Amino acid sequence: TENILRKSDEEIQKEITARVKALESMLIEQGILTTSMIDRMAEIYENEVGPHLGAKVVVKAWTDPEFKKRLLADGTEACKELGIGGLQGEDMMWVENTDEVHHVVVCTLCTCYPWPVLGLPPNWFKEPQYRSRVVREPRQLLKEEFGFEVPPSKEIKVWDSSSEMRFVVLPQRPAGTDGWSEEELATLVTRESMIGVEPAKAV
């Protein structure tokens, strides 16, 4: 929103850049930070860990009812079967969208998010507009921001991740996909679908 007090976005970046480089230079001389270690972190979360990992679990649960059971009884363990897990998904609890119930996930106190299956959160998930309103007016926010209409008669459960437990929505499998291969179903599985802010893609 407009703030007559706020410098330009360009002047902000220039300051932040100098401050980070000065901080960087100090931890480099302490021996605790290196260029290779920055690059590795960036490669992993730019290219390696992302919502393609979650889509794989989802399409497995959609096609393997017994795995779906295991995913719902204990999420970390189930995802481990597919070789998926680790940092910020050490405890993972998947919640299944039904015809009776819609799930949506938020972190109102900070920015908690299940990295091993969704990668790093998009900026909108970390920001106060989403975090402040989804616990208070989930139904309106989902239509208004995501054009997602939850019929008034369907329960919406908002999961505020205040602990190291990470909640992930199992979105409902779109109709029209009966007999689809795991690869074809995956294309319907979105980051947004496992946050609860959208369904999986129609068609």
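In this text, residue numbers run from 1 along the sequence as written.
Taking the mean of the C-alpha B-factors per stretch from the entry, tell me the winner out of 41 to 49 and 173 to 181.
According to the entry, 173 to 181 carries the higher average C-alpha B-factor.
Got a sec? Mean C-alpha B-factor, which is higher, 139 to 147 or 27 to 35?
According to the entry, 139 to 147 carries the higher average C-alpha B-factor.
Which third of the chain does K69 land in by C-alpha B-factor: lowest, middle or highest?
For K69, whose C-alpha B-factor we compare with every modelled residue in the chain, the answer is the highest third.
When the modelled residues of the chain are sorted by Cα temperature factor, does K56 land in the lowest, middle or highest third?
Tercile = middle for this residue's CA B-factor.
Using only modelled residues of the chain, where does the Cα B factor of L5 rank: lowest third, middle third or highest third?
It falls in the middle third of the chain.
If you rank the chain by CA B-factor, which third does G85 end up in: lowest, middle or highest?
Ranked within chain, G85 CA B lands in the middle tercile.
Is the Cα B-factor recorded for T187 in the lowest, middle or highest third of its chain?
Answer is highest: the recorded C-alpha B-factor places it there.
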